[PDB]
């Protein structure tokens, strides 16, 4: 009675900070608290995957001081969240052009992956330096190279093959596509998040800002989802 894979666009961190007379960066720290709550609660509820839109390709255009702060969050606050998620049997993974992340950020995410790699509970999947069209492009580029290198023929080119070349290929086969996509902070649009995988997803929009998105809010999103069927 729960969606197996939930995609989340965690909007409203800056707006939340602003409403509280705090610098925008504080909102992103508060967003980590909300994700911790949602990840733990979704794991208890039976959700298999959460893919979060943690950092888009367009987020690099934000002020340098803001990007640096955001990139430092898994580095500085690793001990505050990761051991607890691991104790909760949560598996941490990432998708995106993650090689372009600062050395320390990549190291912090890799350390968290390696720690939780044997965990059998919910997969918390971070979309980092991620863009949907860029993901499809790199898949379509690789398939072309494989075709040119005779590893596959052009008759092998199918929707199923494309799915195996997307960043989501490492998720179990039946769990690659989100059943539900949640978007907070009232924006009614996808912003290049999982365009291929989310082509049939149910969509849930809330005016609730991401740092305020808790267990009760996730239970509402799940309740609405089950009412769609």
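Numbering follows the first chain given and starts at 1.
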Would 143-151 or 105-113 have the larger average of its C-alpha temperature factors, as given in the entry?
143-151
The stretch carrying the higher mean Cα B factor in the deposited entry, 176-184 or 22-30, is 22-30
Return the residue from 94, 136, 157, 123 that has the highest Cα B-factor in the entry.
157
Third of the chain's Cα B-factor distribution that residue 222 belongs to, per the entry
middle
For residue 199, the third of its chain by CA B-factor is the lowest
Among all modelled residues of this chain, ranked by Cα B factor, put residue 89 in the bottom, middle or top third, i.e. lowest, middle or highest.
middle
Should residue 9 be placed in the lowest, middle or highest third of its chain by the C-alpha B factor in the entry?
lowest
Please place residue 65 in the lowest, middle or highest third of its chain by C-alpha B factor as given in the entry.
highest
